[PDB]
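Student: The following block contains the structure, expressed as C-alpha cells.
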Amino acid sequence: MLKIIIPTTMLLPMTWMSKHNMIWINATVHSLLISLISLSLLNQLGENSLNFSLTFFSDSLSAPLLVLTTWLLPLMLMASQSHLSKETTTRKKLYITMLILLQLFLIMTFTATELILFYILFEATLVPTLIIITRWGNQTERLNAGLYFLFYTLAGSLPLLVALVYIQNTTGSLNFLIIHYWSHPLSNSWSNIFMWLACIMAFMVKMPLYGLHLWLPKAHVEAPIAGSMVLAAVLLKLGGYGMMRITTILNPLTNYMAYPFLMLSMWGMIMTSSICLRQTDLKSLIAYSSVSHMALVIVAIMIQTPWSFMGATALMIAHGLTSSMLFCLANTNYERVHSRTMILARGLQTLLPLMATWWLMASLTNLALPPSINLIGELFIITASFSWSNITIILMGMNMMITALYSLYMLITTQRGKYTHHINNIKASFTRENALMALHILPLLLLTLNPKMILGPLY
Amino acid sequence: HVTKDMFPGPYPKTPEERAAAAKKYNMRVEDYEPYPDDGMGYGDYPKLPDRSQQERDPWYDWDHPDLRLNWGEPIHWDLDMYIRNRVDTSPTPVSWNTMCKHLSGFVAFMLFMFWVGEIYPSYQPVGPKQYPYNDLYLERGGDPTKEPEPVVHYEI
Amino acid sequence: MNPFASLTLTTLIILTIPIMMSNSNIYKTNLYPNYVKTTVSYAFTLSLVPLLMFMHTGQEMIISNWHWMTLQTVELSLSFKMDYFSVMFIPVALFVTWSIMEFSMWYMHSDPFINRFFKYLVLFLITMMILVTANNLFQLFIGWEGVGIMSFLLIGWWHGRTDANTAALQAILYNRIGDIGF
Amino acid sequence: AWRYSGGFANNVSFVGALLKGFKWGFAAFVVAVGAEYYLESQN
Amino acid sequence: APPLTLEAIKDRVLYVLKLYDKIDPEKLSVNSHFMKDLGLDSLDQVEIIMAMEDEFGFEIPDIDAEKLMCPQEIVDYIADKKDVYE
Amino acid sequence: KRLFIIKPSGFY
Amino acid sequence: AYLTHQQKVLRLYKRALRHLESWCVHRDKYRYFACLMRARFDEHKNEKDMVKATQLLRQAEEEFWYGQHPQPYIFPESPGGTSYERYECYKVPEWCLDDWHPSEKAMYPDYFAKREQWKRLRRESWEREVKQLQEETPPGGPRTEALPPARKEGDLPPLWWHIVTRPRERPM
Amino acid sequence: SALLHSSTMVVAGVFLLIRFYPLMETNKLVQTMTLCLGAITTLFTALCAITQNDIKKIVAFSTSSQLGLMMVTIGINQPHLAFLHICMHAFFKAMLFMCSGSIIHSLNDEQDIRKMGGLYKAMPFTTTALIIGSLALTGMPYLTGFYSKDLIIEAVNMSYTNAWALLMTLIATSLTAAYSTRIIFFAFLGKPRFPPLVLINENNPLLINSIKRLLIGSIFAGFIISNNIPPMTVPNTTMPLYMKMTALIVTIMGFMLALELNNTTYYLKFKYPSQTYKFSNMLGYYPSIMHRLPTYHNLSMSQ
Amino acid sequence: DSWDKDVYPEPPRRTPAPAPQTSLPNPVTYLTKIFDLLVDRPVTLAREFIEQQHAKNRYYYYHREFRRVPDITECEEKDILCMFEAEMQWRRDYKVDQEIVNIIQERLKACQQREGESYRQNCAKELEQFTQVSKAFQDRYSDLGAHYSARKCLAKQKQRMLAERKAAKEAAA
Amino acid sequence: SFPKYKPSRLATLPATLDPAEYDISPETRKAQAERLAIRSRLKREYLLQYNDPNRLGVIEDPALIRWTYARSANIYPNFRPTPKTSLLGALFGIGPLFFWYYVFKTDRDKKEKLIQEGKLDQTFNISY
Amino acid sequence: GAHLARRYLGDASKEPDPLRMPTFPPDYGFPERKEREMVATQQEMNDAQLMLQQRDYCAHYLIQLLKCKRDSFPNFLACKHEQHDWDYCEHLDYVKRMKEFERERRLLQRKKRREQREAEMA
Amino acid sequence: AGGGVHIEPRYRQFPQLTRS
Amino acid sequence: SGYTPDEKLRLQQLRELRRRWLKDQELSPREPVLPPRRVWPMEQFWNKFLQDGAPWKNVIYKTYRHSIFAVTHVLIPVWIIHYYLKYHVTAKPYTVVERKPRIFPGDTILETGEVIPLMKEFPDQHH
C-alpha cells in the first residue's frame, strides 16, 4: 500500500513550495491522480484481505473508504477556492497541508494491520480537524466547538487505549488477522463487560448516538466549509471500521450487552429525526439527519448479521456522500447570503434553476429511494433488523417516515415558493459549485450501478 | 451593527425589565409577557399567542408575502409551526369540540357497523362448490403418496 | 415467443429514448412536446402487438436479464413480470397517457416548461410501466417509490403556489406511510 | 340580460342533453333490426 | 385570452357601472362621484362592487372597498392590477 | 403584442 | 387604522352574500335572496343609540357565520383560490438584469440601454426623494402609512422603484 | 390531475394487490378488511362529492371510490375482475377528467360547479362526452360501466360478502349517479354565469382529436376487451331477479334521486345549512383535523 | 449447448400446432415472419460477421483449479498456517453452497412460470429439492454471527453433533 | 338561537364573533396607538435601502436572529431545573427508552424460548 | 333476501348457515347416490392452464371453449355454440348450488320438524 | 394572442360555435 | 371614502411611470436577435419543399419525419435488444422464461407429431 500512501506524503512539499497561485491547480490535479491510483485497490481476492506488508493491509471493507477519502480530497480542495482566496499565501499552503495530512492519516488508519497503530492514527485525526475548525472558523462559538469535539473524542478514546494495551498483554498480539483467527469467546465475567465497554464506547463517541451527540451539531455548524464535509464524511466512518474490526473479539458478550445502546440508537434515530423537523439552521438540519443515519448504521453493526454488515458498509459510503453533498449546498447558500438561517431565503429555484435541481437529487439521495445505494444500504439493514427482532420495523419505519418530511421540507422552504424580497445580491451560480456537486452526485449513481464494490467484505 | 438590547437575554422580573424586553422584541410593554418561568429557556421571549399566518390578511402589503410576515417584527418562538404550509390556526366552521364529536361519532360508529357487518356478512342462497378428487387434493399441493377420500357429489 | 420476448421490452425502450434525448439538450424544447407525444403514441401501437400475441397464444412471460447482486441466496436481476396482467394492462396505459399528452399539449400551451412538464409525465409513466412488469419486489418498490416521488413533483409543479407544495407534502406523507407497509 | 336571452340561456333538459340526437338512435333501431332481418331472410 | 387592453376594460366600465339605472345616464360620467355628484353614498356602491368583480374575473381588495368610487377609479385599479399596458 | 420574458438567465 | 362601524358593516355586507350566491347558485335565486328586501339593512337606520347598533351588530355579524357556506365561493386570483399565487413561479425581480452578460447584453441591446437610463433616472431621483421625505417627516415616526408625493416638477415620488419595477401579474 | 390522480398511480395500490393476489386469496380476513376499506372510501369520498363546489374534486372522489371498488373486488377473491376494472378505468375515468379539464380551460380556468354558462349550448362535445362518462361510471349497459362496477356489484351481491359492504356499495352507486349528474345539471344547466367575454369553446382541433380518441375507447373499449379476453372470472349466469339488476336498479334509483336533488336546488326557497350539509361539503371531515392536530402535536414535541 | 439439463432443467417443449377454425388470415404468424425479415436477419448476419472474426483469432481460458487442504477439524489449535488455509477452504466451500442454492433458486423460479398453473404439482419435486437444500444449509451454515469463521462453523457443527448424539442417547436412555 | 361559536387553541374563535372585540373601550382604541407609525418607519428603512442603488447586499433585521438565538443558544443560560422540567425530562428520557428496551427484549426472549426446542420455524429463512 | 330474513332477522337455525351449509349426510332422502358423471378431467384442464377457482364440474365446457378460442383469431365473435353450452352449464351449476341450498334448507326445516315431533312428542 | 382571432370576440355574443 | 392630493398624485404617477417603463420594455425590431446556427442540408431541402406547402408535400415531410422517428426509435432499439436478447440474454440460462402455451387435448405437436386424445363423452346438454 506504499503505492498510494507515498504519493500523498510526498505531495506535501509540492503544495508547500509551489507558486502562490498554482498551488490550488497542482494540489487538485495530483489529488485526482492519486485517487485514480486509489481506485485500483477496489480489487479483493476471494475472501483473503488484500495484504501488502507486515503493517499495511486492506480488504473489501476498507477499499471503498480509501477511495472515498482520495476522491473527497479534491472536493473540499476546490470548495476552498471561494473561502480562502483572500488569505495569505503561506496560510493557504498551511491549510492545504492540514487537508493533506488529514487524508494521509485517514488512509493510514484504514490500511492499518495492527490495532494500536490504527488507534494512534485514529486519534491523529483530531489534530488537523481541531486546527481547521478553530483557526479557519467563522463565528464565535467555534472555540467551544473545538473544545467539545476534542474533549468528547478523547474521553471516548482513552478507555480504548487502556483496553488495547490490556488485550496486547493478555492475548499476545493486536494484529487484526490473528485476533480474528485466534478469537476466543468473551465470557460474561464482570470484568468482560467493562472490557467490551472500553472497546466499544470509544468508537461510539465519534458515531453520535442519542445523548452523546452534541459535538457534531455544535461543531459542524461553524466548521470551515471544506472541513465540515470532511468531519461529516469520513471520521464518523473510521469508528464504523473500528466496530467492524473490534467486534470479532467482543462476541458472544455482544449478544445481550448491546441492548442498552442498541435501542438507544433506534429511539435515538427517531429523536434526531424528530428534532429534525424543527431547525433554525440548515447546517444543523443536515447534521441531525446525519446523526439519524449513523444511529441506523450503529444498529446495523450491533446485530452482527452479514446482511446488517452489508447494509452498514453501504450506509457509511452513502451517508457520507449525501451529507457532504448537502453541506456543499449549505455552504453555497450561506456564502451568497452570509448567514445560515433556515427560512431566511425560500424559493431559490426562481433564481438558480440548476442549483435547486442539485438540491432535488441531493434530498432524493437523502430519502434513500431505489435503486440508489442509499436505499439498498438501508434495505439490507431493514431485513437484518426484521430477522433480528420482528417489531424493529415499527421504529425504523418511523425513521423512513421522518426522513423525507424534513428533506423535502428543506426543499420547499429553500428552493420552492418564492424568493424573499429583501435579498438582492444573489448572483448566478458559479460553475465551481455546480461542478463540485456534479462530481459528488454522478459517481453516487455510477458506483450504484456497480454495488458489489461497496457491498461488503462478506460477499 | 449589533448591541445587547436586541440579543435575547434574562427573564424579566421587574417592570423595567418588562420594558427592556419589550424594546428587545419591538412590541409594547402592556401586551408583553413571556412564557411561564418553568425552565424551558424562555427568558425574555414573549409568549406570542399561538396563531398562524393564514389568519392574517393576504391582501396586506406584507414585506414577507410568502408567509405574511413583516420587515422586522416580533415573531413567535414557533413561527415555523404556524406557517401557511404547516399547521394553521385559521378557524373551522363550528366549535372544535364539535369537530371532535363529529370525527368520533363518525369513525367509532362506522367501525361498530363494520363489526356488525362482518359478523353477519351478506349471503346469497347457493350451495357447495362441488369439487371432485378430494377437492382437487393431489393437483393443488397434494402429497403423491397420500390418497385421502375423494370428495364426491351427486347431482339432484 | 421470440417477438413477444423482444417487443414487450422495446415498448419500454422506445419511451426511454426521448428522455435521454432530453438529457442531450440538443432537442428543441418546442419540438419536444410533439416528440414525446409521438413517442407515447408509437409505444402504445407497439404495445398492442404483444397484446394480440398474448391473445393468440394466451401465454405469460417473465424476463430476467443481467443481474445486479448475487448476495448469498439473493440474485437481484432485472426481473420484468409481463404476464397477462402486465401485457393486458399496459396498452390501455400508454393509450391513456398519449391521449392526455395531446390534451396537455392543448391545455399547457402557455408555460415555459411545457417540454419539462411533458417529460415529467414521461418519467412518471416509465416508472409506472416498470412497476407493472416487475417480478422482483425490488423492482416493484423501484416503481412504487418512483411513481410516488414523481407524483410529488408533479403536484408540486406550481412550486410558487403554497397550497401546491403543501399538498405535495401531504401526498408524499400518505404515500410514504403506505411505503412503510411496503 | 344576455344571460337570460335564448342565445345562451334556455338549454335543453338534462335528459335532453343526454338525448343528444337520440332520434339518430331511433334510426339506429331500424338499421340494426333491418340488418339482422336481411341477414336471416337471405340465409 | 385577451390582453384586456385599456379600451377593453374601458368598454367594460361603460357597460358595467354604466349599468346603473338608479341614476339616469344624462348626469352619468366617467368622473361621477356617486356620494354627492349622484347623491347616493358608498353604501349603494358596494353591492355593484361585488357584481363587477364577478364579471372581470378578479377580486377587488376588501381593504380597497372604500374610496373605490368612480369609473375613473375603476379603470385606475383595473389597469394597475391587471397590468393593462398594451 | 410581445414583451420581455424575465428569468435569471445565465450562460454559465 | 381602527376599523369603524361603517367599515365593519361594509365588510359584513360584502362577505354576507359571496356566500349566499354560492348558497343559491342561480342568478334568479341570487336576485331574489338579495332582494329579500335590501331595506332589511335600511329598515332600522334610526339607531341614534349606538348601544342598540352594537347589539344588532352582535346579531348581524354573528348570524352570517352559520348562514355562510362551510365551503364558500373563492376566486382563482383570490387567496385560497386556484390562481392566487399560480404565476409567482414565472415572476423574477427586476435586479436580475445586471447579472446578464455581454452576449446576452448585446443580444437584447436596446432593452438594456433603456434599463440603463431608467436606472440613471433612479440615480438622479434617489437623493431628491430622500431629501424630500426627510424634511416633511413629522417627529416620532411619520404619522400614517401614506407616502409623500413629488411636490416639484421633473422630480420623482419617494420610494418609487419597487412598486413600478415589480413583476407583472402575467410574466409567463 | 387527470392522468396521475385519476387512473394511473392512485390505482397502483390495488394493482399491487392484484399482482400479489395468489398470496391474497390464501387469507380471507384481509379480504373482509379490504371489503370494509373499499366500502368506507366509497362512502366518504362519494358523500363529500355529493356537495363539492369544484369539478376536479368531484371526479377525484369518484376515482378514489372506484379504486376502493377494485379493493372490494380483490376482497371478494376477484383479482382479474378488478384487473379488467382498472383496464377500463384508465379509459373512462380519465375520459371524464378530460371533460373536466376541457370545461376548466374553456370556462375561465375555473372548476367550481358555481358560475357556469349554460355550457351545453356552447360546450356541446364536452357535454356529450361528460354525459356518457357519467353514465359509464354509473354502470351503463354495454359501455365500460357494464363490464365494470356493474359486474363488481352483481359479484358482491352474489359472493359471500360483508353485509354492510354490500349495502354500502349500492349507496355508493347511488352517490356515483348523484354527483355525476350534479356536474351535469350545474355546468350545462342552461343559466349563463360567467365573465362577459365568452371563452367556453372547444375549437382547438387537437383537443377534439384527443377527447374523441379517449371517447371512442370509453364507448367501444368497454366491450372491445370484455369478451375478447380468455374466460378468467367467475361466470355466475343465473341469480335472483331483484338483485340480478341490483346494479341496474340502484343506478336508475340513483338517477331519479339525483334529478330529485337537482330540482330541489331549482326551487325558490333557501337551502339547508345544517350539519349534514357541512359533513357533506368539507371533503369527508377527515383532513381538517388531521392537517391541524397531529402535525401540531408532533412538531410541538419536537420543539 | 454451454449449459445442460442436469443442472439447468427445462421441460420438453410442446405447442398446440394452431389450426384456425376461421378463414381469416392468421395475423400473429404474419407479423412474426415480417419481424424476422426486417429485424432477425440483419442482426443474424451481423453476428455471423462477429462469429467469423471470433474464429479468426481464438483464445482459451481454464478452470482455476484448487486442491484440498487440512481443515479445522484436522487443523491444530494455535497453528496459524493450517488455520488460515482451512479458513480459505471453508470460506470457498461456503461460497460454493451459496452458488448452488442460487442455481436451485433459479431452477425453481423458472419452473414456476415454465409449468404454469400446474406449477404446484410439477415443481413440487423442485420444491422438494428446495425444502432440503435450505435446511441442510442451516445445518452447515447458519446463525454464524457476522464474523463467521471456519472455527465458528466447526463450533456450530459441534453443537449439531452434540445435539444429535444427545437425541440418540435420550432415545436409548 | 344560531349556533354560538366557541374559541379553541387550534381553531380560534374568528375575530368578528368574540364578545370583547366589539366591546372596544376608548382606552383600547388609544392603546392601538401609532403602532402603524413604527411599523411604517421600519418599512421606510426597508424600502429605503432596497430602493437605494448604493446598497447592494443582504439586508436583515434584528427580529430574525433574535428568534434564532432564543431558539438555539438562549435556552440553557436562562434554563432553570424546575421540578416540572426534571419530571417530564426524566419521563421521556427513560420512558420510551426503557419501554422500547422492554418490548424488544420481550420478543427476543420469546423467540429464544421458542427456538431452543424447535417451535419456531426456520425452513426458508436461511438468508437471515 | 328471504334466506337472510329467516336466518339473520328470524331464527338463525331455521335457515342454513352459509359457513356451515351443508352439514348433512349426502343421501338425505337420496338412496343409491350416483355421483355426478366425470366429464371434466383434471389433467386436461391443468394442461389448459385453467384457474383453480373455475376447476369445477363444468370444466368440460370450459376446456373445449379454449380450443375454439385458440383457433378463432382474428375474431372475438366466434366460439359461440360451446361457449353457450358453458353458459348453460354455469346456469345448471348455479341452479345446482342454489337447489342444493334449498334442498338442505327444506331438509333443515325437516330437521326442526323432525326433532320437534319425534323427540318433543312426549 | 394577436389580432384576427378565430373566435374573435363579439361582445356578449355566441363565440362562433363551429358547426363542424 | 379620503383620497388626498398626496396619494392620487402618487398613484397615477406610479401608473404612468410604469406605463412608460413598459413602453421601453417593447423590444426593438432587431430584438430578439439570435445568432447563426448550423442547419442540416437534408432538412434544408425538406424545408425548401414546404415553402410552397402543397398538401402532398406537407404529407410527404410528415411521413418522412415519422419515418426517421421510426428508424431511430422503432427498429434501432430492436437492432440491439435482439442482439442482447438472442445472443447475450439467451446466452445465459433462465433469463427469458416463457409460460407454456395451453397444451390442449386434441392438439398435435410440431416436432413429435403426436396428438393427445380429444375430450371424452360430453353430457350433451342441448339448449
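Naming works like this for the C-alpha cells: A, B, ... for the chains as they're shown, residue 1 at the start of each chain, ligands 1 onward in shown order.
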I need the residues of chain I that end up classed as helix (DSSP H, G or I) by DSSP on the backbone, written out as a VMD selection string.
Tutor: chain I and resid 27 to 56 80 to 122 124 to 140 150 to 171
Student: Once you have the residues from the selection above, write them out as an mmCIF file, in the first residue's frame, restricted to C-alpha atoms.
Tutor:
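So the final result, stored in again_37.cif, reads:
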```cif
data_model
loop_
_atom_site.group_PDB
_atom_site.id
_atom_site.type_symbol
_atom_site.label_atom_id
_atom_site.label_comp_id
_atom_site.auth_asym_id
_atom_site.auth_seq_id
_atom_site.Cartn_x
_atom_site.Cartn_y
_atom_site.Cartn_z
ATOM 1 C CA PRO I 27 -52.038 -12.198 -38.099
ATOM 2 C CA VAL I 28 -49.530 -13.230 -35.425
ATOM 3 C CA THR I 29 -47.667 -15.587 -37.762
ATOM 4 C CA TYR I 30 -47.524 -12.857 -40.420
ATOM 5 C CA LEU I 31 -46.178 -10.155 -38.105
ATOM 6 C CA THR I 32 -43.668 -12.665 -36.721
ATOM 7 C CA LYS I 33 -42.297 -13.533 -40.160
ATOM 8 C CA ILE I 34 -42.197 -9.830 -41.073
ATOM 9 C CA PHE I 35 -40.267 -9.041 -37.886
ATOM 10 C CA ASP I 36 -37.994 -11.937 -38.843
ATOM 11 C CA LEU I 37 -37.383 -10.495 -42.296
ATOM 12 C CA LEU I 38 -36.583 -6.910 -41.329
ATOM 13 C CA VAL I 39 -35.091 -7.458 -37.852
ATOM 14 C CA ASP I 40 -33.939 -11.033 -37.247
ATOM 15 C CA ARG I 41 -31.948 -11.437 -40.471
ATOM 16 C CA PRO I 42 -29.751 -8.284 -40.211
ATOM 17 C CA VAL I 43 -28.764 -8.938 -36.596
ATOM 18 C CA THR I 44 -28.176 -12.575 -37.570
ATOM 19 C CA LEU I 45 -25.774 -11.592 -40.354
ATOM 20 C CA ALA I 46 -24.027 -9.072 -38.094
ATOM 21 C CA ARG I 47 -23.481 -11.872 -35.592
ATOM 22 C CA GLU I 48 -22.264 -14.006 -38.493
ATOM 23 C CA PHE I 49 -19.584 -11.361 -39.027
ATOM 24 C CA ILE I 50 -18.831 -11.437 -35.296
ATOM 25 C CA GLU I 51 -18.594 -15.244 -35.187
ATOM 26 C CA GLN I 52 -16.231 -15.460 -38.164
ATOM 27 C CA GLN I 53 -13.954 -12.757 -36.756
ATOM 28 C CA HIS I 54 -14.042 -14.605 -33.422
ATOM 29 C CA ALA I 55 -12.973 -17.824 -35.149
ATOM 30 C CA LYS I 56 -10.231 -15.871 -36.940
ATOM 31 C CA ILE I 80 -1.833 -20.260 12.258
ATOM 32 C CA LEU I 81 -0.746 -21.715 8.893
ATOM 33 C CA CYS I 82 -3.255 -24.562 8.672
ATOM 34 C CA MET I 83 -5.660 -22.218 10.470
ATOM 35 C CA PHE I 84 -5.553 -19.745 7.582
ATOM 36 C CA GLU I 85 -5.602 -22.490 4.942
ATOM 37 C CA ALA I 86 -8.675 -24.131 6.479
ATOM 38 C CA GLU I 87 -10.315 -20.708 6.729
ATOM 39 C CA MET I 88 -9.745 -20.208 2.995
ATOM 40 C CA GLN I 89 -11.074 -23.663 2.131
ATOM 41 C CA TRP I 90 -14.151 -23.356 4.345
ATOM 42 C CA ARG I 91 -14.999 -19.892 3.029
ATOM 43 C CA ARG I 92 -14.757 -21.037 -0.584
ATOM 44 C CA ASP I 93 -16.979 -24.028 0.247
ATOM 45 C CA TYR I 94 -19.432 -21.565 1.809
ATOM 46 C CA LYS I 95 -19.380 -19.633 -1.470
ATOM 47 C CA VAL I 96 -19.928 -22.941 -3.287
ATOM 48 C CA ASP I 97 -23.007 -23.578 -1.147
ATOM 49 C CA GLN I 98 -24.346 -20.086 -1.824
ATOM 50 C CA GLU I 99 -23.869 -20.552 -5.564
ATOM 51 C CA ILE I 100 -25.536 -23.975 -5.673
ATOM 52 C CA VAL I 101 -28.525 -22.707 -3.710
ATOM 53 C CA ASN I 102 -28.634 -19.863 -6.245
ATOM 54 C CA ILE I 103 -28.850 -22.455 -9.017
ATOM 55 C CA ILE I 104 -31.698 -24.187 -7.185
ATOM 56 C CA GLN I 105 -33.310 -20.762 -6.686
ATOM 57 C CA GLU I 106 -33.280 -20.132 -10.426
ATOM 58 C CA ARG I 107 -34.402 -23.695 -11.215
ATOM 59 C CA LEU I 108 -37.470 -23.406 -9.002
ATOM 60 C CA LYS I 109 -38.163 -19.785 -10.047
ATOM 61 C CA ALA I 110 -38.092 -20.578 -13.768
ATOM 62 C CA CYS I 111 -40.029 -23.811 -13.165
ATOM 63 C CA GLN I 112 -42.900 -21.861 -11.607
ATOM 64 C CA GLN I 113 -43.636 -19.994 -14.837
ATOM 65 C CA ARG I 114 -42.465 -22.856 -17.068
ATOM 66 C CA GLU I 115 -45.103 -25.303 -15.675
ATOM 67 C CA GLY I 116 -47.985 -22.817 -15.461
ATOM 68 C CA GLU I 117 -50.986 -23.158 -13.192
ATOM 69 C CA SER I 118 -49.678 -26.721 -12.930
ATOM 70 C CA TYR I 119 -46.548 -25.380 -11.173
ATOM 71 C CA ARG I 120 -47.939 -26.561 -7.830
ATOM 72 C CA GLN I 121 -47.580 -30.199 -8.959
ATOM 73 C CA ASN I 122 -44.570 -30.381 -11.312
ATOM 74 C CA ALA I 124 -43.140 -29.756 -6.174
ATOM 75 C CA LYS I 125 -40.199 -32.125 -6.640
ATOM 76 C CA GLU I 126 -38.185 -28.997 -7.373
ATOM 77 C CA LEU I 127 -39.815 -27.540 -4.268
ATOM 78 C CA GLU I 128 -38.912 -30.866 -2.669
ATOM 79 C CA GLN I 129 -35.293 -30.284 -3.602
ATOM 80 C CA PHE I 130 -35.540 -26.769 -2.161
ATOM 81 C CA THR I 131 -37.022 -27.599 1.245
ATOM 82 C CA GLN I 132 -33.999 -29.849 1.747
ATOM 83 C CA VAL I 133 -31.297 -27.505 0.430
ATOM 84 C CA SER I 134 -32.314 -24.784 2.880
ATOM 85 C CA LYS I 135 -32.465 -26.992 5.990
ATOM 86 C CA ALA I 136 -29.129 -28.675 5.279
ATOM 87 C CA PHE I 137 -27.703 -25.219 4.573
ATOM 88 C CA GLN I 138 -28.966 -24.162 8.010
ATOM 89 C CA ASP I 139 -27.170 -27.213 9.350
ATOM 90 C CA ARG I 140 -23.901 -26.416 7.607
ATOM 91 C CA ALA I 150 -14.224 -21.911 9.899
ATOM 92 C CA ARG I 151 -13.598 -22.209 13.643
ATOM 93 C CA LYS I 152 -17.060 -20.853 14.443
ATOM 94 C CA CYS I 153 -18.514 -23.081 11.729
ATOM 95 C CA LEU I 154 -16.811 -26.044 13.397
ATOM 96 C CA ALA I 155 -18.278 -24.893 16.712
ATOM 97 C CA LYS I 156 -21.747 -24.884 15.131
ATOM 98 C CA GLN I 157 -21.081 -28.371 13.760
ATOM 99 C CA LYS I 158 -20.095 -29.264 17.329
ATOM 100 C CA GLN I 159 -23.493 -28.033 18.513
ATOM 101 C CA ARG I 160 -25.130 -30.215 15.867
ATOM 102 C CA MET I 161 -23.173 -33.372 16.692
ATOM 103 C CA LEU I 162 -23.721 -32.985 20.435
ATOM 104 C CA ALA I 163 -27.438 -32.337 19.865
ATOM 105 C CA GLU I 164 -27.916 -35.363 17.602
ATOM 106 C CA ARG I 165 -25.888 -37.592 19.929
ATOM 107 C CA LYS I 166 -27.966 -36.272 22.839
ATOM 108 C CA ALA I 167 -31.174 -37.148 20.996
ATOM 109 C CA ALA I 168 -29.795 -40.598 20.142
ATOM 110 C CA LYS I 169 -28.820 -41.341 23.747
ATOM 111 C CA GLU I 170 -32.083 -39.952 25.150
ATOM 112 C CA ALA I 171 -33.891 -42.285 22.764
#
```
Student: Can you tell me, as a PyMOL selection string, what residues are no more than 12 Å from residue B:69 when counting only C-alpha atoms, ignoring any on the same chain fewer than 6 positions away?
Tutor: (chain A and resi 343-344+420-421) or (chain B and resi 52-58+60-63+75-76+79-80+82-84) or (chain J and resi 39+63-64)
Student: Tell me which protein, DNA and RNA residues are within 9 Å of residue C:1, counting only C-alpha atoms, leaving out same-chain ones fewer than 5 positions away, and put them as a tab-separated table (two decimals) with C-alpha atoms, in the first residue's frame.
Tutor:
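Saved to selection.tsv:
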```tsv
chain	number	residue	atom	x	y	z
C	6	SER	CA	-38.36	-8.58	-27.70
C	53	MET	CA	-49.69	-12.04	-29.49
C	59	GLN	CA	-49.13	-17.09	-22.70
M	98	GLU	CA	-41.98	-18.20	-21.07
```
Student: Per residue of chain A within 6 Å of chain C, note the shortest atom pair and the distance in Å to one decimal, counting only C-alpha atoms, and order the rows by chain and increasing residue number, as CSV.
Tutor:
```
residue,atom,partner,partner_atom,distance
A:370,CA,C:142,CA,5.1
A:397,CA,C:180,CA,5.6
A:416,CA,C:159,CA,5.2
A:417,CA,C:160,CA,4.1
A:418,CA,C:160,CA,5.8
```
Student: Hey, what's within 7 Å of stretch 5-19 of chain E if we count only C-alpha atoms and toss same-chain stuff fewer than 4 positions away? As a ChimeraX atom specification, please?
Tutor: /E:52,71,75,79,84-86
Student: Give me the residues near residue M:106 as number ranges by chain, where near means some atom within 12 Å (using only C-alpha atoms) and where sequence neighbours in that chain fewer than 3 positions away do not count.
Tutor: I: 15-19; K: 44, 47-48, 63-64, 66-68; M: 102-103, 109, 113-120
Student: Quick one: write out the picked residues with C-alpha atoms as a compact mmCIF listing (two decimals), in the first residue's frame?
Tutor:
```
# COMPACT_ATOMS: atom_id res chain seq x y z
CA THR I 15 -47.02 -26.43 -28.97
CA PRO I 16 -50.69 -26.73 -29.98
CA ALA I 17 -49.94 -26.52 -33.74
CA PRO I 18 -52.58 -23.82 -34.42
CA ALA I 19 -55.31 -24.90 -36.85
CA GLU K 44 -56.79 -31.80 -19.42
CA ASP K 47 -52.92 -28.75 -19.48
CA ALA K 48 -55.33 -25.95 -20.45
CA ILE K 63 -61.68 -26.51 -21.92
CA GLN K 64 -63.42 -27.05 -25.27
CA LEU K 66 -60.34 -22.50 -25.36
CA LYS K 67 -59.87 -24.88 -28.29
CA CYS K 68 -62.10 -22.74 -30.49
CA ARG M 102 -52.02 -24.12 -23.07
CA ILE M 103 -51.47 -27.60 -24.49
CA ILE M 109 -47.15 -31.09 -31.60
CA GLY M 113 -46.37 -35.11 -34.20
CA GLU M 114 -48.41 -37.00 -31.61
CA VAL M 115 -51.92 -35.82 -30.71
CA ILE M 116 -53.39 -36.11 -27.22
CA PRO M 117 -56.87 -37.70 -27.38
CA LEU M 118 -59.84 -35.34 -27.65
CA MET M 119 -62.11 -34.83 -24.65
CA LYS M 120 -64.34 -37.76 -23.75
```
Student: Taking only residues of chain L that have an atom at most 10 Å from an atom of chain E, what is each one's shortest atom pair and its distance in Å to one decimal, using only C-alpha atoms, in chain and number order, as CSV?
Tutor:
```
residue,atom,partner,partner_atom,distance
L:1,CA,E:2,CA,7.0
L:2,CA,E:2,CA,8.8
L:3,CA,E:2,CA,9.7
L:5,CA,E:2,CA,9.9
L:8,CA,E:2,CA,9.6
L:9,CA,E:2,CA,9.3
L:11,CA,E:11,CA,9.7
```
Student: Go through chain B and flag each residue having an atom no more than 9 Å from chain G; for those, report the closest pair of atoms plus their distance in Å to one decimal, using only C-alpha atoms, ordered by chain and rising number, as JSON lines.
Tutor:
```
{"residue": "B:58", "atom": "CA", "partner": "G:79", "partner_atom": "CA", "distance": 6.7}
{"residue": "B:59", "atom": "CA", "partner": "G:79", "partner_atom": "CA", "distance": 8.1}
{"residue": "B:92", "atom": "CA", "partner": "G:70", "partner_atom": "CA", "distance": 8.3}
{"residue": "B:93", "atom": "CA", "partner": "G:70", "partner_atom": "CA", "distance": 6.0}
{"residue": "B:94", "atom": "CA", "partner": "G:66", "partner_atom": "CA", "distance": 8.5}
```
Student: Can you tell me, as a list in words, what residues are no more than 12 Å from residue A:117 when counting only C-alpha atoms, ignoring any on the same chain fewer than 6 positions away?
Tutor: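 My reading of the contact set: residues 54, 55, 56, 105, 108, 109, 110, 111, 123, 124, 161, 164, 165, 174, 175 and 176 of chain A.
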Student: Using only C-alpha atoms, which protein or nucleic acid residues come within 9 Å of stretch 208-217 of chain H? Drop anything in the same chain fewer than 6 positions from it, and give the result as a PyMOL selection string.
Tutor: (chain C and resi 95-96+98-103) or (chain H and resi 88+91-92+94-95+98-99+102+125-126+129+132-133+144+202+224)
Student: What gap, in Å, lies between atom CA of residue J:102 and atom CA of residue A:391?
Tutor: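 According to the coordinates, atom CA of residue J:102 and atom CA of residue A:391 are separated by 12.2 Å.
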Student: Which residues of chain J are close to chain B, meaning at most 6 Å apart when you count only C-alpha atoms, and how do they look as a PyMOL selection string?
Tutor: chain J and resi 5-6+10-12+61+63+66+70+75-76+78-80+82
